[PDB]
Protein chains: 2
Amino acid sequence: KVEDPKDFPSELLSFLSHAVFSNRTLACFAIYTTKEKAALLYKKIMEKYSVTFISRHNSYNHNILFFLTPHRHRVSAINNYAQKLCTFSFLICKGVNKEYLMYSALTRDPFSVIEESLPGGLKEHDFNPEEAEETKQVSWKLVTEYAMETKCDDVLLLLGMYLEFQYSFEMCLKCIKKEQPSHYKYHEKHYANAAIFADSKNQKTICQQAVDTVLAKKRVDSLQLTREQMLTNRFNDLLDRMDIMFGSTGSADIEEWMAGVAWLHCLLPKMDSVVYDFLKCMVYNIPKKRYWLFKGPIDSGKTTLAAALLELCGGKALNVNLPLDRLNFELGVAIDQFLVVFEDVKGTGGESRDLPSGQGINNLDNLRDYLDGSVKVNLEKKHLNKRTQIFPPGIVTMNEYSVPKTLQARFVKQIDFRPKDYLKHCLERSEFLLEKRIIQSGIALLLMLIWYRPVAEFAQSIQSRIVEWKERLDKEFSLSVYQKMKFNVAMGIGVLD
Amino acid sequence: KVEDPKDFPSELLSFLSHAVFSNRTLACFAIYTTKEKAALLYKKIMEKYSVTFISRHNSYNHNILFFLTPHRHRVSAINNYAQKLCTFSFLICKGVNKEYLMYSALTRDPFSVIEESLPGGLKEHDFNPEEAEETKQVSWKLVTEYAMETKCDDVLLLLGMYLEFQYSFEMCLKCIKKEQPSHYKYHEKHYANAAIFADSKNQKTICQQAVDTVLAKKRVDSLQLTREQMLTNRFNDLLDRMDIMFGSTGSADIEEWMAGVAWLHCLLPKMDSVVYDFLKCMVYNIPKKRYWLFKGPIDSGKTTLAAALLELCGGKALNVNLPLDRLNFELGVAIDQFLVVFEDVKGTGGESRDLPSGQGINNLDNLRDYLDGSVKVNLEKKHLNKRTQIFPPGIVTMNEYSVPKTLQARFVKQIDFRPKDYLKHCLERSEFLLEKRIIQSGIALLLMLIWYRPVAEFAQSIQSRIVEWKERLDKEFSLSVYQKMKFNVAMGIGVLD
DNA sequence: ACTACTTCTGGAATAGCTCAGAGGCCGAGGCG
DNA sequence: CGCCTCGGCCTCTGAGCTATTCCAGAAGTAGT
Ligand SMILES: [Zn+2]
Ligand SMILES: [Zn+2]
């Protein structure tokens with residue numbers, strides 16, 4: 001610093017008048033000078049205008065005098081006055097247009113308070129009161145903002161969540177009982193706007209445009225992300241869900257989920273490694289080498305695992321067993337998805353009978369450009385614009401049908417699931433694993449990684465969590481408690497007992 | 001003469017805003033056109049904007065319209081209106097900054113009056129006052145509220161419903177006859193707003209948004225609340241409907257409904273337990289164990305019990321008797337629904353009993369993916385994009401058609417209904433049950449859950465309300481009177497009488 | 001089916017709101 | 001004792017937002 005700043009810190013500028021030549025009169029001013037000069041003017045100004053409020057602050061080894069005047073005055077006069085009392089030093093006084101926000105920012109770092117004609121801050125020209133009967137307009141900006149912070153992407157959810165804020169905050173059972181975080185954290189703030197929102201004739205539009213803005217930023221921020229980064233982010237959100245689940249407060253017996261792991265690890269040879277290999281194939285996403293084929297009988301695990309994996313990295317599954325004149329709206333669900341999963345692809349005529357016939361395989365054989373991922377495609381939605389992008393990678397699960405040579409080639413890897421009675425029986429005595437839908441859950445798989453993969457594998461950015469989580473499982477499940485689960489599962493009894 | 005004024009006369013430009021293209025809104029405008037047009041506009045402008053004052057003047061072979069509007073408009077809006085009114089050879093619209101100076105100069109030698117609103121000119125005592133009130137318009141919120149309290153999600157229905165309140169509620173037949181709940185309970189309250197409503201041009205819009213509100217809440221709940229909660233929440237709703245139903249205001253004979261309980265309790269063995277069972281199934285939503293199958297002839301009871309249970313947990317009835325591809329929108333109805341009911345499904349092989357062959361059964365077989373609930377499916381809606389979720393659980397009612405031992409394995413419970421004579425004649429002896437739709441009402445099914453099942457077996461949330469409702473029941477209906485009803489109903493005689 | 005008529009959505013166009021900058025007007029006092 | 005300037009008032013305006021209306025075309029529908 002040149003020891004005397006040439007203007008207010010760029011942290012309060014948006015609250016000050018941007019005028020350069022105006023004879024407008026204000027009632028809220030802010031001077032920025034030296035510690036000694038401020039200290040002095042604090043008393044000179046106080047009486048000079050019979051202020052209704054005033055307060056000195058600290059700013060970058062200097063002072064800032066924020067005061068509210070009863071009557072209106074133009075910065076001109078306020079300035080010409082403070083001048084006469086200095087004759088030297090630096091003095092930059094301006095008009096304040098954001099009273100509260102200004103004072104507010106000044107009471108918090110990097111600004112500190114020193115003096116003030118009122119200990120409890122203030123609420124006059126500024127606010128809590130004086131709201132009176134001015135024209136009430138809804139703030140679309142504030143709705144979108146909300147959507148942004150809650151990373152909202154569903155108009156229905158938004159509309160309903162915001163309508164909740166319409167009600168009084170102080171005595172809101174929902175905020176007291178603190179049921180949903182994405183509510184008790186934004187209500188008080190969005191309360192005023194919401195109440196006005198409850199009267200808007202454009203509710204839907206306000207929400208649609210909001211959610212559209214979030215989807216916008218999201219698609220942009222993705223471009224600046226690797227892909228291993230996207231997976232790390234996903235692992236994070238999944239980990240965030242987990243903290244709440246197995247938390248001191250929440251329905252989620254960590255023991256019941258570790259049971260699923262013990263079950264999912266017997267679904268295939270070296271399960272923990274497969275997932276890792278899988279994840280890498282999805283992260284690297286290599287042209288003509290980004291799809292796996294899960295092939296097997298009904299109730300062989302190919303569906304459960306595919307689902308799990310699908311939730312792990314995040315994404316959606318689609319059903320291409322339909323007329324090509326309806327195959328496009330379905331293919332479109334893949335948009336902006338990390339990975340895709342073609343669930344239960346059917347074939348026509350094949351391998352004897354008892355096998356449902358369908359177009360699923362035919363269709364896939366006419367979507368090589370979608371599987372190869374060499375050239376982008378035009379995924380579409382209703383009433384929207386044909387969004388173009390590289391089709392996401394994924395898995396394809398199918399029964400024992402005949403796969404055309406052309407299609408096969410697009411499957412860098414094929415896994416054959418063979419029914420295991422010792423697994424089927426184990427489940428028949430573990431209702432909770434199907435009840436709480438744990439074997440088809442990605443959280444179940446993520447735990448598995450945390451329990452088998454070395455800390456060094458996961459991204460450095462979150463290795464911290466992985467370690468703390470790993471240690472969490474160690475104390476909870478000794479090399480005995482868990483071994484008991486694997487044993488029972490291998491013997492087909494009951495994961496727990 | 002050839003000029004045909006490109007702008008207002010120079011000596012007036014001094015009181016005119018020369019930025020016709022702006023967002024500014026004012027209440028004093030001037031139009032420069034020909035004699036005939038001004039004369040025509042004088043009348044059309046007076047009506048369109050219910051001007052506070054208007055006058056026509058002479059300006060070099062042409063006319064000039066000066067007028068004050070009770071409310072602000074932008075010059076462009078005024079100009080745009082005049083345009084679509086008639087044809088012009090030349091037209092100039094400008095805002096007037098200096099009101100009084102504009103008029104006075106228009107009466108000066110250079111110009112002259114031809115006609116005007118108030119005989120006397122724009123006297124300054126009232127040439128720039130305060131605008132007022134602004135005609136009251138329909139309250140969208142208020143309509144929404146109604147749709148909310150009645151959980152209405154049908155725009156067409158809501159529209160018709162709300163239009164009934166337009167009429168006076170004084171000598172209103174429906175209001176006095178206490179014929180409809182969701183009418184005499186709201187009419188008096190919405191009368192005033194419905195009156196305007198009935199004259200609004202956006203009726204369909206208003207309702208469209210009130211519905212989105214109802215849809216929005218369901219989307220929120222399903223996304224946050226747990227299956228238990230949803231049910232309970234549905235019970236509190238049913239209870240709030242029963243109170244008013246059997247209340248002083250209402251007109252429901254609690255002694256007639258309690259009869260239905262006795263009848264229904266004769267449809268199936270341990271019926272009070274079957275309902276508890278059903279509820280558990282629906283609430284636990286366990287993969288492969290979420291669907292029940294009702295099979296029987298007409299008035300076999302299935303149609304009744306199904307409908308009742310459906311209302312108990314609140315769900316939607318579907319119809320899969322369409323082409324295995326034409327039912328993509330009929331299945332989307334399940335979106336955000338607790339439970340669904342595939343009513344009267346048709347099959348094959350019923351020719352033997354004059355049972356029309358359909359696609360229903362064959363369709364359910366190709367939707368085992370939906371009935372199971374192990375994976376999520378993408379549900380469609382007209383003009384809207386796919387919704388990914390696990391298809392809700394429910395019931396499948398069908399007549400005496402054939403069911404492959406492979407399809408039967410898609411259901412955990414199969415309640416076969418058989419014709420009951422001693423139960424039929426009792427319905428003839430008690431013709432009132434059908435008339436008041438008590439036989440297949442979710443209310444009765446709730447009462448039956450109160451006249452049997454334990455108290456602490458309910459949710460600790462609605463315990464108290466169930467306790468005090470279990471009072472009035474026995475405290476009124478003798479512990480034997482019910483027994484006498486559940487007797488003659490097994491004989492063939494009327495319930496009560 | 002392929003083609004002719006209807007309902008629905010999103011984006012464009014149109015309209016009204018309030019804020020704060022750039023300046024014009026004017027009584028009252030400073031000063032040689 | 002009159003030019004000049006201070007300091008509060010007020011309005012015309014560019015701007016950014018919010019509110020309503022319109023509209024071309026896609027999504028869904030009935031029928032040859
Ligand atoms: Zn709250
Ligand atoms: Zn009525």
# chains A, B, ... in the order shown; residues from 1 in each chain; ligands from 1
$ residues_near_ligand --ligand "ligand 2" --cutoff "6 Å" --atoms "only C-alpha atoms (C1' of nucleotides) and all ligand atoms" --output "ChimeraX atom specification"
/B:169,172,174-175,183-184,187
$ interface_residues --of "chain C" --to "chain A" --cutoff "12 Å" --atoms "only C-alpha atoms (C1' of nucleotides)" --output "VMD selection string"
chain C and resid 1 8 to 11 16 to 25
$ write_last_selection --atoms "N, CA and C atoms (P, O5', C5', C4', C3', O3' and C1' of nucleotides)" --output "compact mmCIF listing (two decimals), in the first residue's frame"
# COMPACT_ATOMS: atom_id res chain seq x y z
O5' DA C 1 -45.39 -47.08 -37.77
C5' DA C 1 -45.82 -46.01 -38.62
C4' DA C 1 -45.66 -46.34 -40.08
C3' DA C 1 -45.92 -45.14 -41.00
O3' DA C 1 -45.17 -45.26 -42.22
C1' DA C 1 -47.67 -46.72 -41.27
P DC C 8 -52.75 -29.21 -23.35
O5' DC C 8 -51.27 -28.98 -23.90
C5' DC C 8 -50.43 -30.10 -24.09
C4' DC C 8 -48.98 -29.74 -23.82
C3' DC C 8 -48.80 -28.71 -22.72
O3' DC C 8 -47.58 -28.98 -22.03
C1' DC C 8 -48.15 -27.76 -24.81
P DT C 9 -46.90 -27.84 -21.12
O5' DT C 9 -45.60 -27.48 -21.94
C5' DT C 9 -44.78 -28.51 -22.47
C4' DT C 9 -43.46 -27.95 -22.94
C3' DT C 9 -42.91 -26.91 -21.96
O3' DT C 9 -41.49 -26.93 -21.97
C1' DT C 9 -43.50 -25.83 -23.97
P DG C 10 -40.68 -25.84 -21.11
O5' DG C 10 -40.00 -24.98 -22.24
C5' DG C 10 -39.25 -25.63 -23.24
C4' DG C 10 -38.64 -24.60 -24.15
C3' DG C 10 -37.80 -23.58 -23.40
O3' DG C 10 -36.76 -23.15 -24.27
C1' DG C 10 -39.75 -22.52 -24.22
P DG C 11 -35.64 -22.12 -23.76
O5' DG C 11 -35.83 -20.96 -24.81
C5' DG C 11 -36.19 -21.31 -26.14
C4' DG C 11 -36.48 -20.07 -26.95
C3' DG C 11 -35.67 -18.88 -26.44
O3' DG C 11 -35.35 -18.07 -27.56
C1' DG C 11 -37.96 -18.46 -26.05
P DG C 16 -47.38 -0.79 -19.99
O5' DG C 16 -46.81 -0.89 -18.49
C5' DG C 16 -47.30 -1.93 -17.65
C4' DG C 16 -46.56 -2.04 -16.33
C3' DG C 16 -46.18 -0.68 -15.73
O3' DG C 16 -46.22 -0.72 -14.29
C1' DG C 16 -44.23 -1.90 -16.18
P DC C 17 -45.69 0.54 -13.41
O5' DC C 17 -44.40 -0.08 -12.69
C5' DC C 17 -44.39 -1.44 -12.27
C4' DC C 17 -43.38 -1.67 -11.16
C3' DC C 17 -43.03 -0.36 -10.48
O3' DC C 17 -42.74 -0.41 -9.09
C1' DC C 17 -41.12 -1.16 -11.63
P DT C 18 -42.37 0.97 -8.32
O5' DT C 18 -40.80 0.82 -8.15
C5' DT C 18 -40.28 -0.35 -7.56
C4' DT C 18 -38.81 -0.20 -7.29
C3' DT C 18 -38.47 1.10 -6.56
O3' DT C 18 -37.30 0.86 -5.78
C1' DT C 18 -37.59 1.18 -8.76
P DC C 19 -36.57 2.06 -5.01
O5' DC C 19 -35.14 2.12 -5.70
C5' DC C 19 -34.51 0.90 -6.06
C4' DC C 19 -33.14 1.14 -6.65
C3' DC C 19 -32.42 2.30 -5.96
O3' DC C 19 -31.02 2.05 -5.97
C1' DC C 19 -32.82 2.88 -8.20
P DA C 20 -30.07 2.78 -4.90
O5' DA C 20 -29.12 3.64 -5.83
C5' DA C 20 -28.48 3.02 -6.93
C4' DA C 20 -28.03 4.05 -7.93
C3' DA C 20 -27.39 5.25 -7.23
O3' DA C 20 -26.53 5.82 -8.20
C1' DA C 20 -29.27 5.98 -8.34
P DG C 21 -25.14 6.46 -7.76
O5' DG C 21 -24.75 7.26 -9.07
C5' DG C 21 -24.65 6.55 -10.30
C4' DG C 21 -24.73 7.46 -11.51
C3' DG C 21 -23.93 8.76 -11.38
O3' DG C 21 -23.46 9.10 -12.69
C1' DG C 21 -26.23 9.30 -11.55
P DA C 22 -22.29 10.18 -12.87
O5' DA C 22 -23.05 11.34 -13.66
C5' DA C 22 -23.90 10.98 -14.74
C4' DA C 22 -24.62 12.18 -15.31
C3' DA C 22 -23.85 13.49 -15.15
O3' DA C 22 -24.21 14.33 -16.26
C1' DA C 22 -25.83 13.63 -13.90
P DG C 23 -23.27 15.56 -16.70
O5' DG C 23 -24.15 16.81 -16.28
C5' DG C 23 -25.13 16.62 -15.31
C4' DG C 23 -26.28 17.54 -15.55
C3' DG C 23 -25.94 18.99 -15.27
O3' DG C 23 -26.85 19.83 -16.01
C1' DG C 23 -27.34 18.17 -13.57
P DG C 24 -26.70 21.43 -15.98
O5' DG C 24 -28.14 21.91 -15.50
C5' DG C 24 -29.28 21.57 -16.28
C4' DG C 24 -30.52 22.18 -15.67
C3' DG C 24 -30.31 23.65 -15.31
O3' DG C 24 -31.54 24.38 -15.37
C1' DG C 24 -30.54 22.40 -13.34
P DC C 25 -31.58 25.91 -14.83
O5' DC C 25 -32.06 25.76 -13.32
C5' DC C 25 -33.26 25.03 -13.03
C4' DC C 25 -33.95 25.57 -11.79
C3' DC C 25 -33.75 27.06 -11.53
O3' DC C 25 -34.91 27.57 -10.84
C1' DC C 25 -32.68 25.81 -9.83
$ residues_near_ligand --ligand "ligand 1" --cutoff "10 Å" --atoms "only C-alpha atoms (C1' of nucleotides) and all ligand atoms" --output "short mmCIF file (atom, residue, chain, number, x, y, z; two decimals) with C-alpha atoms, in the first residue's frame"
data_model
loop_
_atom_site.label_atom_id
_atom_site.label_comp_id
_atom_site.auth_asym_id
_atom_site.auth_seq_id
_atom_site.Cartn_x
_atom_site.Cartn_y
_atom_site.Cartn_z
CA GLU A 164 -42.13 -23.98 2.02
CA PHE A 165 -40.23 -20.81 2.82
CA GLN A 166 -43.43 -18.83 2.40
CA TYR A 167 -44.33 -19.47 6.00
CA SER A 168 -43.07 -17.60 9.06
CA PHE A 169 -39.72 -18.51 10.02
CA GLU A 170 -39.52 -17.87 13.74
CA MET A 171 -42.08 -20.52 14.65
CA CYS A 172 -41.37 -23.03 11.86
CA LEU A 173 -41.41 -26.59 13.22
CA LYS A 174 -39.49 -27.71 10.15
CA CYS A 175 -36.62 -25.35 10.99
CA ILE A 176 -36.75 -26.14 14.71
CA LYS A 177 -36.79 -29.93 14.36
CA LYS A 178 -34.12 -29.38 11.69
CA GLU A 179 -35.44 -32.15 9.45
CA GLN A 180 -33.94 -31.20 6.08
CA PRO A 181 -30.63 -29.27 5.86
CA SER A 182 -31.49 -27.75 2.49
CA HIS A 183 -34.31 -25.96 4.27
CA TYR A 184 -33.45 -24.78 7.77
CA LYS A 185 -30.32 -23.38 6.14
CA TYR A 186 -32.08 -21.13 3.62
CA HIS A 187 -35.54 -20.35 4.98
CA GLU A 188 -34.87 -17.28 7.13
CA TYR A 191 -38.48 -16.03 3.82
#
$ calpha_fit_rmsd --fixed "chain B" --moving "chain A"
15.8 Å
$ atom_distance --atom1 "CA of residue 74 in chain A" --atom2 "CA of residue 91 in chain A"
16.2 Å
$ closest_residue --among "D:24, D:12, D:18, D:30" --to "chain B" --atoms "only C-alpha atoms (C1' of nucleotides)"
D:12
$ atom_distance --atom1 "CA of residue 113 in chain A" --atom2 "CA of residue 63 in chain A"
9.7 Å
$ residues_around --residues "residue 26 in chain C" --least-positions-apart "2" --cutoff "12 Å" --atoms "only C-alpha atoms (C1' of nucleotides)" --output "count of residues only"
7
$ interface_residues --of "chain D" --to "chain B" --cutoff "9 Å" --atoms "only C-alpha atoms (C1' of nucleotides)" --output "MDAnalysis selection string"
chainID D and resid 12:15 27:28
$ write_last_selection --atoms "N, CA, C and O atoms (P, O5', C5', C4', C3', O3' and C1' of nucleotides)" --output "PDB file, in the first residue's frame"
ATOM      1  P    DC D  12     -39.384  15.542 -15.435  1.00  0.00           P
ATOM      2  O5'  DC D  12     -38.372  15.230 -16.625  1.00  0.00           O
ATOM      3  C5'  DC D  12     -37.346  16.170 -16.929  1.00  0.00           C
ATOM      4  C4'  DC D  12     -36.092  15.493 -17.436  1.00  0.00           C
ATOM      5  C3'  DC D  12     -36.415  14.286 -18.312  1.00  0.00           C
ATOM      6  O3'  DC D  12     -35.371  14.145 -19.273  1.00  0.00           O
ATOM      7  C1'  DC D  12     -35.254  13.533 -16.451  1.00  0.00           C
ATOM      8  P    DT D  13     -35.613  13.276 -20.593  1.00  0.00           P
ATOM      9  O5'  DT D  13     -34.490  12.183 -20.439  1.00  0.00           O
ATOM     10  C5'  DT D  13     -33.979  11.924 -19.162  1.00  0.00           C
ATOM     11  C4'  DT D  13     -32.786  11.016 -19.263  1.00  0.00           C
ATOM     12  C3'  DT D  13     -33.088   9.749 -20.060  1.00  0.00           C
ATOM     13  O3'  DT D  13     -31.901   9.244 -20.692  1.00  0.00           O
ATOM     14  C1'  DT D  13     -32.910   9.219 -17.751  1.00  0.00           C
ATOM     15  P    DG D  14     -31.988   7.960 -21.670  1.00  0.00           P
ATOM     16  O5'  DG D  14     -30.910   6.972 -21.049  1.00  0.00           O
ATOM     17  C5'  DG D  14     -29.582   7.432 -20.845  1.00  0.00           C
ATOM     18  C4'  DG D  14     -28.783   6.444 -20.028  1.00  0.00           C
ATOM     19  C3'  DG D  14     -28.773   5.047 -20.632  1.00  0.00           C
ATOM     20  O3'  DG D  14     -27.564   4.391 -20.272  1.00  0.00           O
ATOM     21  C1'  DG D  14     -29.969   4.993 -18.609  1.00  0.00           C
ATOM     22  P    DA D  15     -27.278   2.899 -20.791  1.00  0.00           P
ATOM     23  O5'  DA D  15     -27.276   2.058 -19.448  1.00  0.00           O
ATOM     24  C5'  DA D  15     -28.243   2.333 -18.445  1.00  0.00           C
ATOM     25  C4'  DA D  15     -28.093   1.357 -17.311  1.00  0.00           C
ATOM     26  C3'  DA D  15     -28.271  -0.076 -17.801  1.00  0.00           C
ATOM     27  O3'  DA D  15     -27.426  -0.976 -17.079  1.00  0.00           O
ATOM     28  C1'  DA D  15     -30.143   0.541 -16.448  1.00  0.00           C
ATOM     29  P    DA D  27     -40.320 -32.787 -29.895  1.00  0.00           P
ATOM     30  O5'  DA D  27     -41.742 -33.183 -29.284  1.00  0.00           O
ATOM     31  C5'  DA D  27     -42.314 -32.381 -28.254  1.00  0.00           C
ATOM     32  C4'  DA D  27     -43.558 -33.018 -27.679  1.00  0.00           C
ATOM     33  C3'  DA D  27     -43.600 -34.539 -27.788  1.00  0.00           C
ATOM     34  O3'  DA D  27     -44.374 -35.055 -26.695  1.00  0.00           O
ATOM     35  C1'  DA D  27     -45.285 -33.613 -29.163  1.00  0.00           C
ATOM     36  P    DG D  28     -44.813 -36.595 -26.676  1.00  0.00           P
ATOM     37  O5'  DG D  28     -46.358 -36.543 -27.061  1.00  0.00           O
ATOM     38  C5'  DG D  28     -47.197 -35.604 -26.412  1.00  0.00           C
ATOM     39  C4'  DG D  28     -48.645 -35.749 -26.829  1.00  0.00           C
ATOM     40  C3'  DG D  28     -49.082 -37.200 -27.061  1.00  0.00           C
ATOM     41  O3'  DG D  28     -50.490 -37.312 -26.753  1.00  0.00           O
ATOM     42  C1'  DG D  28     -49.201 -36.044 -29.079  1.00  0.00           C
TER      43       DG D  28
END
$ residues_around --residues "residue 427 in chain A" --least-positions-apart "4" --cutoff "8 Å" --atoms "only C-alpha atoms (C1' of nucleotides)" --output "ChimeraX atom specification"
/A:423,431,433,492,494-495
